[PDB]
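Asks: sequence first, structure after, both from an experimental entry:
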Amino acid sequence: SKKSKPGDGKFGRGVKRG
Amino acid sequence: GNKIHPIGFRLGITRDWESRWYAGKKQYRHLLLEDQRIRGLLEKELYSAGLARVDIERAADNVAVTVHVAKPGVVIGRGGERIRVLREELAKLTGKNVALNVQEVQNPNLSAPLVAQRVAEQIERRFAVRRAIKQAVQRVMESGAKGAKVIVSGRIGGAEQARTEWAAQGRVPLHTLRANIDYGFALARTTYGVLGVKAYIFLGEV
Amino acid sequence: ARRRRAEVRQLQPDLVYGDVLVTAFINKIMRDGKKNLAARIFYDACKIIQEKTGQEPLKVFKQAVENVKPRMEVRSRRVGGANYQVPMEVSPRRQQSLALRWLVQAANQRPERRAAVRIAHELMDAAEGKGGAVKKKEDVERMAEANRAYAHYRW
Amino acid sequence: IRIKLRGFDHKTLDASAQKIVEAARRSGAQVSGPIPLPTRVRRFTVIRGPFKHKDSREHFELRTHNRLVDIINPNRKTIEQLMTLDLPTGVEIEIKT
Amino acid sequence: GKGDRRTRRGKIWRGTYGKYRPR
Amino acid sequence: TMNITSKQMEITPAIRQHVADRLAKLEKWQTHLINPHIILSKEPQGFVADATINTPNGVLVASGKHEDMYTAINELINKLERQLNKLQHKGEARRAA
Amino acid sequence: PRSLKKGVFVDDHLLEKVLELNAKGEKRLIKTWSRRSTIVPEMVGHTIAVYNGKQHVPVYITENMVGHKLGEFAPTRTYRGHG
Amino acid sequence: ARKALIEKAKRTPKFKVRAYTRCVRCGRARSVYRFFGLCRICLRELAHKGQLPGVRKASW
Amino acid sequence: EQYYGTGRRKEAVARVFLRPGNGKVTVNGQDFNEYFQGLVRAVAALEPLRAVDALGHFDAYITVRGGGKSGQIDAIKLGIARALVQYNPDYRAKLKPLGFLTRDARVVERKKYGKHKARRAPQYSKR
RNA sequence: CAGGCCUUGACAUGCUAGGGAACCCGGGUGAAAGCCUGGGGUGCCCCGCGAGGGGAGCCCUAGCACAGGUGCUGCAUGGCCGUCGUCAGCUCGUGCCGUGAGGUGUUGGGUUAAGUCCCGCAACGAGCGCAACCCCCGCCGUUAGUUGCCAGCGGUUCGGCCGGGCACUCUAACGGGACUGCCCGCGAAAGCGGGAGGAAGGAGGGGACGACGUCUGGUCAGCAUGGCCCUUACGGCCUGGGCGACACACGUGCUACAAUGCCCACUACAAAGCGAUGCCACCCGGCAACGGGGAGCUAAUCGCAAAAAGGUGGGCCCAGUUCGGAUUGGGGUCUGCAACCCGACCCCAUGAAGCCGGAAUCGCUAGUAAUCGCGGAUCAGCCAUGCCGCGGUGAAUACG
Ligand SMILES: [Mg+2]
Ligand SMILES: [Mg+2]
Ligand SMILES: [Mg+2]
Ligand SMILES: [Mg+2]
Ligand SMILES: [Mg+2]
Ligand SMILES: [Mg+2]
Ligand SMILES: [Mg+2]
Ligand SMILES: [Mg+2]
Ligand SMILES: [Mg+2]
Ligand SMILES: [Mg+2]
Ligand SMILES: [Mg+2]
Ligand SMILES: [Mg+2]
Ligand SMILES: [Mg+2]
Ligand SMILES: [Mg+2]
Ligand SMILES: [Mg+2]
Ligand SMILES: [Mg+2]
Ligand SMILES: [Mg+2]
Ligand SMILES: [Mg+2]
Ligand SMILES: [Mg+2]
Ligand SMILES: [Mg+2]
Ligand SMILES: [Mg+2]
Ligand SMILES: [Mg+2]
Ligand SMILES: [Mg+2]
Ligand SMILES: [Mg+2]
Ligand SMILES: [Mg+2]
Ligand SMILES: [Mg+2]
Ligand SMILES: [Mg+2]
Ligand SMILES: [Mg+2]
Ligand SMILES: [Mg+2]
Ligand SMILES: [Mg+2]
Ligand SMILES: [Mg+2]
Ligand SMILES: [Mg+2]
Ligand SMILES: [Mg+2]
Ligand SMILES: [Mg+2]
Ligand SMILES: [Mg+2]
Ligand SMILES: [Mg+2]
Ligand SMILES: [Mg+2]
Ligand SMILES: [Mg+2]
Ligand SMILES: [Mg+2]
Ligand SMILES: [Mg+2]
Ligand SMILES: [Mg+2]
Ligand SMILES: [Mg+2]
Ligand SMILES: [Mg+2]
Ligand SMILES: [Mg+2]
Ligand SMILES: [Mg+2]
Ligand SMILES: [Mg+2]
Ligand SMILES: [Mg+2]
Ligand SMILES: [Mg+2]
Ligand SMILES: [Mg+2]
Ligand SMILES: [Mg+2]
Ligand SMILES: [Mg+2]
Ligand SMILES: [Mg+2]
Ligand SMILES: [Mg+2]
Ligand SMILES: [Mg+2]
Ligand SMILES: [Mg+2]
Ligand SMILES: [Mg+2]
Ligand SMILES: [Mg+2]
Ligand SMILES: [Mg+2]
Ligand SMILES: [Mg+2]
Ligand SMILES: [Zn+2]
């Protein structure tokens, strides 16, 4: 649901958080 | 993608460094960061003038900035007004004897970067790229160049499918070193991304 | 390769018998460009072969080479659905290289510990007709005779 | 009365060892001709492209050529006419004695 | 021996010195 | 042994094991499948199943693409089969004369 | 390891904390991020909560573990094999 | 993370070790040459422009 | 009275001074045979004057700097070959057919980026 | 990634309001960051012999804009790069042919590394490519003579040391030089075979140089950039941890399995580079890493420096070994705020696997491959056995 890669299932959103 | 930058190709043969000055390992970068920053304000400002080349000389905490343009009067200012207003903000950054001068560009249509900048704005203004391309090649030929090639790459006309358009009349022998080939680039920003204009002018061999 | 025949390199003679062939052979002893060692081994061999056999080393060396030069060799050549071993003449250029190769090669298979001894000995037997290097010449030669049947496929 | 020239351009490094070894050659007396010290090449080797492609580079160098010239018989007639001479931009001068 | 730090051969290779390659 | 790369994408040990099961079909030809390397990827309009596999008789390179990732794997297997079968009987083709 | 000439390294901010714990009479629990710290004999018998990136690991310190640094007893990589 | 780090590179650090080259031009933390203050990309870019004094494509 | 040829091999450069003598030969302040001890390549250094029977008619005070022994050896061979031609230019015959007068330009080839050496390319796995 | 924090924000251009400018010294808590807090003096143009009064060179605080994002999309892009491929090709103009796609030219015969050139031809030209102009090396001349050089003469502490000289080496700029120019022979020719001279001969060797284009190749994480997204958080700061994990598998390498080798001692010959909190001469301390002193060099001056293979001599004696140097214990050294994760080096001890490697597969055509060292960038240090260079010794083979 947030940054880069790999995705978190939300459009264009990976699993990295700030 | 392949072709060598034809100015860097001829440096010290058919063209000469835009910034000439020795400096020692202790100093080089700091001096170059000026030449970068110097070209910063200048290329930012004198753009509307018609900036085409920016020499920088140094000798001893003093720097001599040659500026070759199609509109010398734009930089010189109101009878001396701007050319003043610059040496100030220059010697502010320079922090030193920021000697400035202005050079006439005899024929502008024979200095690549000017043709390039023109096509750039000409497409930023939404003119048919292909036409604008063939015209630029025409004007450089009318100005008696021995050949000319201009190259627009990107979303030409806003087409989703980026594309490379180019026209080339005459000779443009880029493998030839004695060929005096003036190359310059300009970067057209549009509502749909950046295009890139490359211009080649063959002014004749040596 | 494709365009034209290779040109056989010429090799300056060795400075101890003036022989073009001793040079060639010393090269075949040389690992890692260490020719000084290589010459030292060949000459030190000559030291030995002179001792244990009172003949001129060069005489024996050259004689060994003649007795290892294969006159015929098989060379594979797929015709239809089989690779036939074809009996073909050996050019003297190649006879040289094989006998030089096989001498070293068989020599370094011998049991005696010092290299110049192994060269000295393989040279003494190939001159007399014994030795793994001679064997290789014979084995290669029985093959070509065996498959004389396919001499007509020679190119 | 040494004169030690440095510069990335040799067309100008040789140009100004000339004019130096012509000033004192005029204002008298002797000068030991411009000698070319061995160059000091500082190269840079760069992956020709932005991302990967490790196996392609472009070689850049930076020559700092060196000229040494001597004012043999100093003779302060030189000294003054040298105190105003014309060295182009990319040249640096190390005068000692 | 170029892998064996306890020879002059290995110290030429590491490029270090010591007991087995002094200076 | 067999390597699977899931490029810019995330698969499971189930999907990895599916690839091995599908790749297994190439074993019918009874020839060494040497370090078979399957890459998976996902383009805007379909998955891509790459595979590079060398055999004692040459290499198998093929790429399948399809909206269904599983189908793309199959189209990849198909291409690889046809190549591998060609590797195995191209030699017979010129037995006479 | 570190030079002998230079002194043994404690962070001189955990050490402030442990000395008063000697003086006033220990023990409280000492939360620290000072992995790099050598254990020093003044610490023996305390219990320090050593951060490892994720959690503060109690370590009871003892005579036999005074040579070692405080990270050598709160491991960083969580791992139970492959299977 | 970029601009916060082109700036954080500039500041004098709690410890001298943390000092690290960045490109004055583009900010690149990697392949930064001391002599130009430049990374290899920028180095190539300006050098081809001829704005690196005496910096010429070598060929031997 | 005394004759000279410049001898240059790889990075080896040799200054040869042919001087009529008993046969003595010095290479960099020590007699040849002691400077090329254990180098069987050596005798080739003196070879040009064997093809003009000049073996012991001369001496040679030779300095050499650069490269390695066997380069310096070929640098030498060239020099004394060079030097013998100023002594007598009729000497090209019995020097030039024996190729002594010509200097091979075979230099270490340059290292090239993308290789492990000049031409030795890096190993890859196409598959 | 965890945790403690910041909310015009690490950074821009602003506009307005409270102070003061500016700045420097801290003190409390705290892992640091932060948060709280203690000190002190703003010039000018001004009414100032005066309180007081700004406006602004800059400071902070609240605000509102905005910042910030190595967050997504290389299937929106520029730039630059890889690749086919240094391959001999790709086209255009006009003419000609075809209803048209298109053809011709560019095919053909000969020749070449080459769409290289010759000849022929409904073609005739032209452009991009090829080549050449550029760099390095090979020979020679000129110009130079220190810090480089030492042929001869003088001295000489015995070291080109000094005097002396620039011859030679060199060094580094400028020229020359090679053109199938000449001879033979075959050729219509272009060229091809052979020869002479010559340092070099048929592009001398190497480099730089990469056509239209292909791979919806590569790179939104170098940079730029459209659009999409985040806004006390997808921005930012710090401490720690991670990027170094380890049942496995693949790539690229190093070092090996030994006697053409290994060890020790002594003894030679390079080139290219780098070097003012840098290279360190030399003396001393320690087996040593190193430490302490301490000269010289802004460096053709002094230094890194020893090159190593080699050479001489001695040792080992075919053994998992005096091969191999992995792994582990113990003890140190240095960098650095800090070497637990997670540095390199040194020493003592340990002394693994490995007896030449299956299917398969890589490189290289000559000063190459092989083998040996040396340097550099990055860099405090270093995980470099990598990379880019540099020279040393120096092959085999090409029928086809
Ligand atoms: Mg963050
Ligand atoms: Mg062999
Ligand atoms: Mg055999
Ligand atoms: Mg028999
Ligand atoms: Mg590589
Ligand atoms: Mg050992
Ligand atoms: Mg896998
Ligand atoms: Mg992944
Ligand atoms: Mg996965
Ligand atoms: Mg998408
Ligand atoms: Mg889809
Ligand atoms: Mg693919
Ligand atoms: Mg099927
Ligand atoms: Mg088929
Ligand atoms: Mg940015
Ligand atoms: Mg650092
Ligand atoms: Mg950096
Ligand atoms: Mg030279
Ligand atoms: Mg001898
Ligand atoms: Mg080499
Ligand atoms: Mg690769
Ligand atoms: Mg793309
Ligand atoms: Mg991608
Ligand atoms: Mg692109
Ligand atoms: Mg037409
Ligand atoms: Mg028709
Ligand atoms: Mg028609
Ligand atoms: Mg047409
Ligand atoms: Mg064509
Ligand atoms: Mg066509
Ligand atoms: Mg033809
Ligand atoms: Mg070609
Ligand atoms: Mg053509
Ligand atoms: Mg034609
Ligand atoms: Mg002269
Ligand atoms: Mg020929
Ligand atoms: Mg070319
Ligand atoms: Mg793509
Ligand atoms: Mg970006
Ligand atoms: Mg974007
Ligand atoms: Mg919009
Ligand atoms: Mg942090
Ligand atoms: Mg990593
Ligand atoms: Mg597995
Ligand atoms: Mg490695
Ligand atoms: Mg190896
Ligand atoms: Mg360094
Ligand atoms: Mg054994
Ligand atoms: Mg054992
Ligand atoms: Mg075992
Ligand atoms: Mg052992
Ligand atoms: Mg230990
Ligand atoms: Mg560590
Ligand atoms: Mg082996
Ligand atoms: Mg093998
Ligand atoms: Mg096989
Ligand atoms: Mg070895
Ligand atoms: Mg190295
Ligand atoms: Mg380093
Ligand atoms: Zn940069």
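Replies: Cool, got the structure. Numbering: from 1, shown residues only, chains lettered A, B, ... in the order given. Ligands and ions are numbered 1, 2, ... in the order given.
Asks: tell me the contacts of residue F:8?
Replies: Each residue near residue F:8 by C-beta atoms under 8 Å, 6 or more residues apart in numbering or on different chains is listed here: A:5, F:41-42. The C-beta positions use only the backbone N, C-alpha and C, and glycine is treated the same way.
Asks: which residues in chain E form helices?
Replies: E:8-14 (DSSP state H).
Asks: who wins on neighbours among the contacts of residue F:8?
Replies: residue F:41 (18 neighbours; other C-beta atoms under 10 Å in any protein chain shown).
Asks: doesn't residue F:51 make contact with it?
Replies: No: when contacts are counted by C-beta atoms under 8 Å, residue F:41 is not listed as touching residue F:51 (11.8 Å).
Asks: and residue I:59, how many neighbours?
Replies: With other C-beta under 10 Å as criterion, residue I:59 counts 17.
Asks: and what of the one 4 residues further on?
Replies: Residue neighbour count, defined by other C-beta under 10 Å, stands at 13 for residue I:63.
Asks: please enumerate the strands of chain A.
Replies: Using DSSP state E, the strands of chain A run over residues A:2-7, A:14.
Asks: turn those strands into JSON lines, including distance to chain F.
Replies: JSON lines is the format used below for these (distance: least, C-beta to the nearest C-beta, whole Å):
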{"stretch": "strand A:2-7", "distance to chain F": "5"}
{"stretch": "strand A:14", "distance to chain F": "10"}
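Asks: which positions in chain E make contact with chain F?
Replies: Contact residues (C-beta under 8 Å from any C-beta of the partner chain) of chain E with chain F: there are none.
Asks: residue of chain E nearest ligand 9, please.
Replies: Using C-beta to the ion, residue E:3 is the residue of chain E that sits closest to ligand 9, at 38.0 Å.
Asks: any idea how far residue B:8 is from that residue?
Replies: 45 Å (C-beta to C-beta, to the nearest Å).
Asks: neighbour count winner among the two?
Replies: residue B:8 (22 against 9).
Asks: what's the following helix or strand after the biggest helix by length in chain B?
Replies: For chain B, the longest helix by residue count, based on DSSP H, is helix B:28-45. Proceeding N to C from helix B:28-45, the next assigned helix or strand is strand B:51-54, under DSSP states H and E.
Asks: just the buried residues of that following strand, please?
Replies: B:51-54 (16 or more other C-beta atoms under 10 Å in any protein chain shown).
Asks: same question, stretch D:38-47
Replies: D:44, D:46-47.
Asks: briefly note if that stretch comes near RNA strand J.
Replies: Yes: using C-beta under 7 Å from any atom of the strand, stretch D:38-47 reaches RNA strand J at D:38-45.
Asks: now the residue of chain H found nearest ligand 6: how far from residue D:22?
Replies: When scored by C-beta to the ion, chain H has residue H:17 as its residue closest to ligand 6, at 37.6 Å. Going from residue H:17 to residue D:22 by C-beta to C-beta gives 54 Å.
Asks: those two - which one has more neighbours?
Replies: Comparing residue H:17 with residue D:22 by other C-beta under 10 Å, the one with more neighbours is residue D:22, at 14 against 7.
Asks: quick check: phi and psi at the more buried one.
Replies: The phi/psi pair for residue D:22 (degrees, to the nearest 10) reads phi -130, psi -30.
Asks: now the terminal residues of stretch B:184-197, how far apart.
Replies: Using C-alpha to C-alpha, to the nearest Å, one end of stretch B:184-197 lies 9 Å from the other.
Asks: now it: buried residues?
Replies: Neighbour-count burial for stretch B:184-197 flags B:184-186, B:188, B:190, B:195, B:197 (criterion: 16+ other C-beta under 10 Å).
Asks: and that stretch with RNA strand J, contact?
Replies: Yes: against RNA strand J, stretch B:184-197 shows contacts by C-beta under 7 Å from any atom of the strand at B:185, B:187, B:189-196.
Asks: export the residues you listed to TSV and tack on distance to ligand 3?
Replies: Supplementary listing: the residues of stretch B:184-197 next to RNA strand J in TSV, determined by distance: C-beta to the ion, whole Å:
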residue	distance to ligand 3
B:185	66
B:187	69
B:189	74
B:190	75
B:191	78
B:192	73
B:193	69
B:194	69
B:195	69
B:196	65
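Asks: for these, which one is nearest chain I?
Replies: For the residues of stretch B:184-197 next to RNA strand J, the closest approach to chain I (C-beta to the nearest C-beta) belongs to residue B:185, at 26.7 Å.
Asks: you'd agree that closest one is in a strand?
Replies: Yes: Residue B:185 sits within a strand when classified using DSSP: H, G, I helix; E, B strand; the rest coil.
Asks: if it is in a bridge, with which residues?
Replies: Beta-bridge pairing of residue B:185 under DSSP bridges involves residue B:198.
Asks: hang on, it packs against residue B:114?
Replies: No: using C-beta under 8 Å, residue B:185 makes no contact with residue B:114, being 11.6 Å away.
Asks: circling back to that earlier point, contacts only, for the residue nearest to the residue of chain E closest to ligand 9 when sequence neighbours are not counted.
Replies: Spatially, and ignoring its direct neighbours in sequence, residue E:3 is nearest to residue E:10 (6.3 Å; C-beta to C-beta, 6 or more residues apart in numbering or on different chains). When contacts are counted by C-beta under 8 Å, 6+ apart, residue E:10 touches E:1-4, E:20.
Asks: for residue B:99, same thing?
Replies: By C-beta under 8 Å, 6+ apart, the neighbours of residue B:99 are B:62-65.
Asks: repeat the analysis, applying 6 Å as the threshold.
Replies: Listed by C-beta atoms under 6 Å, 6 or more residues apart in numbering or on different chains, the contact partners of residue B:99 are residue B:64.
Asks: quick check: it vs chain A, distance?
Replies: Using C-beta to the nearest C-beta, to the nearest Å, residue B:99 is found at 49 Å from chain A.
Asks: phi and psi next, for that residue.
Replies: Backbone torsions of residue B:99, given as degrees, to the nearest 10, read phi -50, psi 130.
Asks: list the beta-bridge partners for it.
Replies: Using DSSP bridges, the bridge partners assigned to residue B:99 are residue B:64.
Asks: picking up where we left off before, could you measure from the residue of chain E closest to ligand 9 over to residue F:22?
Replies: From residue E:3 to residue F:22 the distance is 45 Å (C-beta to C-beta).
Asks: likewise for residue C:49?
Replies: Residue C:49 is 67 Å from residue F:22, by C-beta to C-beta.
Asks: can you check residue I:8 too?
Replies: 67 Å.
Asks: send me stretch H:48-60 as CSV with only the CA atoms.
Replies: In CSV, the C-alpha atoms belonging to stretch H:48-60 read as follows (Å, rounded to 0.1, in the frame of the first residue of the first chain):
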residue,chain,number,x,y,z
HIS,H,48,32.1,15.9,-24.2
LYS,H,49,30.9,19.5,-24.0
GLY,H,50,34.6,20.5,-23.6
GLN,H,51,33.8,22.4,-20.4
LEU,H,52,36.3,20.3,-18.5
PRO,H,53,39.6,22.2,-19.2
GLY,H,54,42.1,20.1,-21.0
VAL,H,55,40.0,17.0,-20.5
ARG,H,56,40.2,15.1,-23.9
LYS,H,57,39.1,11.6,-25.0
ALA,H,58,42.3,9.6,-24.7
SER,H,59,43.2,7.0,-27.3
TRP,H,60,46.4,5.0,-27.3
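Asks: ok, and does that stretch reach over to chain D?
Replies: Yes: on the criterion C-beta under 6 Å from any C-beta of the partner chain, stretch H:48-60 is in touch with chain D at H:53-55, H:57-58.
Asks: what is the neighbour count of residue 4?
Replies: Since you didn't name a chain, this refers to chain A. Neighbours around residue A:4, by other C-beta under 10 Å: 10.
Asks: oops, wrong one, chain B.
Replies: Neighbour tally, residue B:4, other C-beta under 10 Å: 14.
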